[PDB]
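Chemist: Structure in structure tokens, see below.
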Amino acid sequence: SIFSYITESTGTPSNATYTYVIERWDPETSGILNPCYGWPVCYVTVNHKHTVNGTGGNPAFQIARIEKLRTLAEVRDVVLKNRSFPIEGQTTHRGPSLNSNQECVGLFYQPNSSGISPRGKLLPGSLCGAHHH
Ligand SMILES: [Zn+2]
């Protein structure tokens, strides 16, 4: 899994600043494929759920191009070549009202590097918020 969580949200549901941590991404040994392999263009980004449908906002930042990577293990490898964990920062949501259970910062895949990201979604295995106990 990919573990991330918001540690504070300030503002209002539709105009919020999230302080976040992407803590770790465990090794990928399940043969999961990259959902955007073979798209014309695909990026892995740090982004938030922007809509009640869980689609992406304007990314906090883009990490790498991934459309040539067939597997999620390869996506993880490229992320690690570009960035160390943990990833921390703040990002701001201005848009649809979201409750705490609808708020999430994590690693998204998406066709666009920036701007609102309706075709972006969390990578498979993303556990946003409280992990399992
Ligand atoms: Zn947003």
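Just remember, in the structure tokens the first chain shown is A, the second B, etc., residues are 1-based per chain, and ligands are 1-based in the order shown.
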Output the neighbourhood of ligand 1 as a ChimeraX atom specification, that is, all protein and nucleic acid residues with some atom at most 6 Å from the ligand, counting only C-alpha atoms and all ligand atoms.

Modeler: /A:50,57,93-95

Chemist: Could you find all residues in chain A that DSSP calls strand (DSSP E) from the backbone, and write them as a PyMOL selection string?

Modeler: chain A and resi 2-12+15-25+43-48+61-65+87-94+105-110+121-122+126-128

Chemist: Which residues come within 12 Å of residue 15 (chain A), counting only C-alpha atoms, excluding same-chain residues fewer than 2 positions away, as a ChimeraX atom specification?

Modeler: /A:9-13,17-18,50,91-99,103

Chemist: Based on the selection just made, write N, CA, C and O atoms of those residues as an mmCIF file, in the first residue's frame.

Modeler:
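Written file, selection.cif:
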data_model
loop_
_atom_site.group_PDB
_atom_site.id
_atom_site.type_symbol
_atom_site.label_atom_id
_atom_site.label_comp_id
_atom_site.auth_asym_id
_atom_site.auth_seq_id
_atom_site.Cartn_x
_atom_site.Cartn_y
_atom_site.Cartn_z
ATOM 1 N N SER A 9 -6.503 20.150 8.684
ATOM 2 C CA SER A 9 -7.231 20.856 7.634
ATOM 3 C C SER A 9 -7.751 22.132 8.268
ATOM 4 O O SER A 9 -8.457 22.061 9.275
ATOM 5 N N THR A 10 -7.395 23.286 7.706
ATOM 6 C CA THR A 10 -7.860 24.573 8.207
ATOM 7 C C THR A 10 -8.662 25.278 7.127
ATOM 8 O O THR A 10 -8.521 25.008 5.949
ATOM 9 N N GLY A 11 -9.521 26.188 7.544
ATOM 10 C CA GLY A 11 -10.393 26.882 6.624
ATOM 11 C C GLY A 11 -11.793 26.323 6.670
ATOM 12 O O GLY A 11 -12.347 26.097 7.753
ATOM 13 N N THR A 12 -12.407 26.154 5.515
ATOM 14 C CA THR A 12 -13.768 25.652 5.408
ATOM 15 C C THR A 12 -13.754 24.489 4.433
ATOM 16 O O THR A 12 -12.770 24.278 3.719
ATOM 17 N N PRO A 13 -14.837 23.717 4.359
ATOM 18 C CA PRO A 13 -14.830 22.523 3.499
ATOM 19 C C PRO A 13 -14.536 22.805 2.045
ATOM 20 O O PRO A 13 -14.001 21.921 1.357
ATOM 21 N N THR A 17 -6.906 24.366 3.670
ATOM 22 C CA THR A 17 -5.484 24.093 3.547
ATOM 23 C C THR A 17 -5.185 22.812 4.297
ATOM 24 O O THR A 17 -5.526 22.684 5.483
ATOM 25 N N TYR A 18 -4.583 21.856 3.606
ATOM 26 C CA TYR A 18 -4.245 20.567 4.177
ATOM 27 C C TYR A 18 -2.756 20.503 4.449
ATOM 28 O O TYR A 18 -1.945 20.773 3.552
ATOM 29 N N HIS A 50 -10.540 16.315 -5.054
ATOM 30 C CA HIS A 50 -11.095 17.647 -5.273
ATOM 31 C C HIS A 50 -12.612 17.642 -5.375
ATOM 32 O O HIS A 50 -13.233 18.688 -5.205
ATOM 33 N N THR A 91 -1.086 21.828 0.917
ATOM 34 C CA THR A 91 -1.748 22.102 -0.352
ATOM 35 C C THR A 91 -3.142 22.623 -0.050
ATOM 36 O O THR A 91 -3.706 22.370 1.011
ATOM 37 N N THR A 92 -3.724 23.388 -0.971
ATOM 38 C CA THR A 92 -4.985 24.075 -0.684
ATOM 39 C C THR A 92 -6.060 23.688 -1.693
ATOM 40 O O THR A 92 -5.835 23.740 -2.898
ATOM 41 N N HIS A 93 -7.231 23.337 -1.179
ATOM 42 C CA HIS A 93 -8.403 22.971 -1.952
ATOM 43 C C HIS A 93 -9.373 24.143 -1.967
ATOM 44 O O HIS A 93 -9.768 24.644 -0.912
ATOM 45 N N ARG A 94 -9.749 24.574 -3.169
ATOM 46 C CA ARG A 94 -10.791 25.568 -3.367
ATOM 47 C C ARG A 94 -11.710 24.969 -4.413
ATOM 48 O O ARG A 94 -11.309 24.796 -5.564
ATOM 49 N N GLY A 95 -12.915 24.605 -4.014
ATOM 50 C CA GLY A 95 -13.783 23.870 -4.897
ATOM 51 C C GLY A 95 -14.963 23.300 -4.146
ATOM 52 O O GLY A 95 -15.423 23.877 -3.159
ATOM 53 N N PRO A 96 -15.455 22.152 -4.590
ATOM 54 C CA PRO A 96 -16.570 21.500 -3.910
ATOM 55 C C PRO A 96 -16.348 21.351 -2.412
ATOM 56 O O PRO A 96 -15.242 21.110 -1.944
ATOM 57 N N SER A 97 -17.413 21.500 -1.646
ATOM 58 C CA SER A 97 -17.316 21.243 -0.222
ATOM 59 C C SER A 97 -17.042 19.768 0.033
ATOM 60 O O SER A 97 -17.741 18.902 -0.501
ATOM 61 N N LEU A 98 -16.031 19.480 0.860
ATOM 62 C CA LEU A 98 -15.650 18.118 1.215
ATOM 63 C C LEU A 98 -15.610 17.980 2.732
ATOM 64 O O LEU A 98 -15.040 18.839 3.410
ATOM 65 N N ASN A 99 -16.198 16.911 3.263
ATOM 66 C CA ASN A 99 -16.053 16.610 4.685
ATOM 67 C C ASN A 99 -14.732 15.893 4.938
ATOM 68 O O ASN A 99 -13.996 15.570 4.012
ATOM 69 N N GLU A 103 -11.719 14.210 2.302
ATOM 70 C CA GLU A 103 -10.442 14.867 2.111
ATOM 71 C C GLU A 103 -9.334 13.822 2.050
ATOM 72 O O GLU A 103 -9.325 12.867 2.821
#

Chemist: Which is closer to residue 105 (chain A) than all the others in A:117, A:84, A:90, A:32, using only C-alpha atoms?

Modeler: A:90

Chemist: Which is closest to residue 58 (chain A) among A:133, A:8, A:28, A:108, if we use only C-alpha atoms?

Modeler: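 Smallest distance to residue 58 (chain A) is found for A:108.
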
Chemist: What's the 7 Å shell around residue 71 (chain A), counting only C-alpha atoms, without same-chain residues fewer than 2 positions away, as a list in words?

Modeler: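 With the cut-off at 7 Å, the set is residues 31, 32, 33, 34, 69, 73, 74 and 75 of chain A.
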
Chemist: How would you write, as a PyMOL selection string, the set of residues in region 57-111 of chain A that DSSP gives as helix (DSSP H, G or I)?

Modeler: chain A and resi 72-82+100-102

Chemist: Using only C-alpha atoms, which of the listed residues (A:36, A:126, A:106, A:72) sits closest to residue 89 (chain A)?

Modeler: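 Looking only at the distances to residue 89 (chain A), the closest residue turns out to be A:106.
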
Chemist: I want to know what sits within 6 Å of residue 21 (chain A), based on only C-alpha atoms, with residues of the same chain fewer than 2 positions away left out; could you give that as a list in words?

Modeler: residues 4, 5, 23, 87 and 88 of chain A

Chemist: Residues within 8 Å of residue 113 (chain A), please, as a list in words. Count only C-alpha atoms; anything in the same chain fewer than 4 positions from it doesn't count.

Modeler: residues 43, 45, 59 and 62 of chain A

Chemist: Between A:125, A:41, A:16, A:85, which has the minimum distance to residue 29 (chain A) (counting only C-alpha atoms)?

Modeler: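 Using only C-alpha atoms, the shortest distance to residue 29 (chain A) belongs to A:125.
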
Chemist: Would you mind telling me which residue in A:2, A:127, A:60, A:22 lies nearest to residue 115 (chain A) when using only C-alpha atoms?

Modeler: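 With only C-alpha atoms as the atom set, the closest residue is A:60.
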
Chemist: One decimal, Å: what's the distance from CA of residue 65 (chain A) over to CA of residue 80 (chain A), could you say?

Modeler: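 Between these atoms lies a distance of 12.9 Å.
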